[PDB]
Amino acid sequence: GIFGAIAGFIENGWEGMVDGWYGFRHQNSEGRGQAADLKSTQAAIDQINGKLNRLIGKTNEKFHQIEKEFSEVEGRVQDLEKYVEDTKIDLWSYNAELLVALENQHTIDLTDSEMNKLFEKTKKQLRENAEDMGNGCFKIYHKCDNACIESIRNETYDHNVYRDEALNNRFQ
């Protein structure tokens, strides 16, 4: 990806996360768990659904057209009829495969971005209470029980509550 998160500083994905596209895995004094993030998952799904709504069920009605198969040799007009249809098919074949290649490149990049967006949001929440371990994980320098972990996932975490404890642990 062009943002460097998916297949980047995150080494791999979680096959065990079946209820979300992005989420958190934690490790505290009460154990280790996994939870999906709603906003980032919906943002990626909404964008992909916007692409599908443009392409699925959007066909064009054509009725009487020109002949496109010929049993006998005729000449000038038949050559043009064949040339017109071959020209049209090549242009639409170009349109179709270029469209898929462009959209797939964008789809991979927008899903990479949502992952990077969620990591940055979490990092800003923790302020000086955590440090980036480089692999998508944060080292949290204070006791963060389950309620403290949920407060980060719910965007209600107050860094000021644990700042003195965290700054003390960080600077030994």
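Residue numbers here begin at 1 and follow the sequence given.
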Exercise. Higher average CA B factor in the deposited record is what I'm after, so tell me if that's 113 to 121 or 140 to 148.
Key: 140 to 148
Exercise. Averaging the C-alpha B factors as listed in the entry, name the stretch that ends up higher: 39 to 47 or 23 to 31.
Key: 23 to 31
Quiz item: Highest CA temperature factor in the entry: which of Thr107, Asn53, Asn129, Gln65?
Solution: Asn129
Quiz item: Highest Cα B-factor in the deposition, which of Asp79, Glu97, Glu85, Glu72?
Solution: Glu72
Practice problem: Would you mind ranking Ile6 by its C-alpha B-factor against the rest of the chain and naming the third, lowest, middle or highest? | Solution: middle
